[PDB]
Amino acid sequence: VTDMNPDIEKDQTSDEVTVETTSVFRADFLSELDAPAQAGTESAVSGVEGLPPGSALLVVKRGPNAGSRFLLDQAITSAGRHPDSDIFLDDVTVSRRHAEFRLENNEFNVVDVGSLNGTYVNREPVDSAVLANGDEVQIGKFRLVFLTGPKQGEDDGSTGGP
Numbered sequence: 001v002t003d004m005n006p007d008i009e010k011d012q013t014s015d016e017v018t019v020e021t022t023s024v025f026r027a028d029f030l031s032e033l034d035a036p037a038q039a040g041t042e043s044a045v046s047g048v049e050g051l052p053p054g055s056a057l058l059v060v061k062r063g064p065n066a067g068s069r070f071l072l073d074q075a076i077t078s079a080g081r082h083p084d085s086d087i088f089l090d091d092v093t094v095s096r097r098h099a100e101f102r103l104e105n106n107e108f109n110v111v112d113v114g115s116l117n118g119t120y121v122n123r124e125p126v127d128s129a130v131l132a133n134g135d136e137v138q139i140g141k142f143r144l145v146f147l148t149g150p151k152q153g154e155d156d157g158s159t160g161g162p
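The opening position of the sequence shown corresponds to residue 1 in the authors' numbering, with each subsequent residue numbered one higher.
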């Protein structure tokens, strides 16, 4: 103890405990959200928001880790602080998982199991909310919006030449 070259005979002042709780901050209570501003935007060239190739994903728009996603290409992914799952958000903020996006009834959903910062989905706490088009979920302290091909049915159309 007191390693890393004992020549550094310096501490803060005292104390030892700092990370007793998985890290708290930013969560869907005070900041990021602020107003019901829903961003109706597609992924530039598209093809990764309206995706029905047997896969769908929630993607964290922005929020501490940001840039992330639940891959629901498999029947269920653990979402949050994860050494090994799929959706890891910094792996420092969430109680291992806020949710696991379980596919039941052909629908992917977020199952709240208690996340450290707090669980919300569209400003409301739920049990298991369906992967939807454009809506976003709070896991810990990140804003995670989900997209998928399924929406209103897919009638298919290759005929579109004016």
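Virtual Cβ for every residue (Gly too), placed ideally from N, Cα, C.
Enclosing beta strand (DSSP E) for residue i [first to last residue]
{"i": "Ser78", "result": "76 to 80"}
{"i": "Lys151", "result": "Unbroken run through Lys151: none, as it is neither H nor E."}
{"i": "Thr119", "result": "119 to 121"}
{"i": "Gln12", "result": "No beta strand (DSSP E) contains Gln12, which DSSP labels as neither H nor E."}
{"i": "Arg26", "result": "Element bounds for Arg26: n/a, residue is neither H nor E."}
{"i": "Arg102", "result": "99 to 104"}
{"i": "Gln138", "result": "136 to 139"}
{"i": "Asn109", "result": "107 to 111"}
Residue i burial status per 10 Å Cβ neighbour count (16 or more: buried)
{"i": "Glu124", "result": "exposed"}
{"i": "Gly80", "result": "buried"}
{"i": "residue 166", "result": "In this structure the chain extends from 1 to 162, so residue 166 is not present and cannot be described."}
{"i": "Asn106", "result": "exposed"}
{"i": "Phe29", "result": "exposed"}
CB contact flag (residue i, residue j, <8 Å)
{"i": "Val59", "j": "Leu144", "result": "yes"}
{"i": "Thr119", "j": "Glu100", "result": "no"}
{"i": "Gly50", "j": "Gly149", "result": "yes"}
{"i": "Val111", "j": "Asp127", "result": "yes"}
Span separating the alpha-carbon of residue i from that of residue j
{"i": "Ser95", "j": "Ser23", "result": "9 Å"}
{"i": "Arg62", "j": "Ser31", "result": "12 Å"}
{"i": "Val113", "j": "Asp34", "result": "25 Å"}
{"i": "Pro53", "j": "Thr41", "result": "20 Å"}
{"i": "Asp11", "j": "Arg69", "result": "39 Å"}
{"i": "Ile8", "j": "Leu103", "result": "53 Å"}
{"i": "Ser158", "j": "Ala75", "result": "31 Å"}
{"i": "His82", "j": "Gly160", "result": "45 Å"}
{"i": "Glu154", "j": "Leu131", "result": "17 Å"}
{"i": "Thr13", "j": "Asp90", "result": "29 Å"}
Contact set for residue i: own chain, Cβ-Cβ below 6 Å, skip 5 residues either direction
{"i": "residue 177", "result": "The requested residue 177 does not occur in the structure, where the chain is confined to residues 1 to 162."}
{"i": "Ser55", "result": "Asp73"}
{"i": "residue 177", "result": "Any question about residue 177 goes unanswered here, given that the chain covers just 1 to 162."}
Same chain only: Cβ atoms within 7 Å of residue i, ignoring 5 sequence neighbours per side
{"i": "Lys141", "result": "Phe25, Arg26, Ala27, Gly63, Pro64, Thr93, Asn117"}
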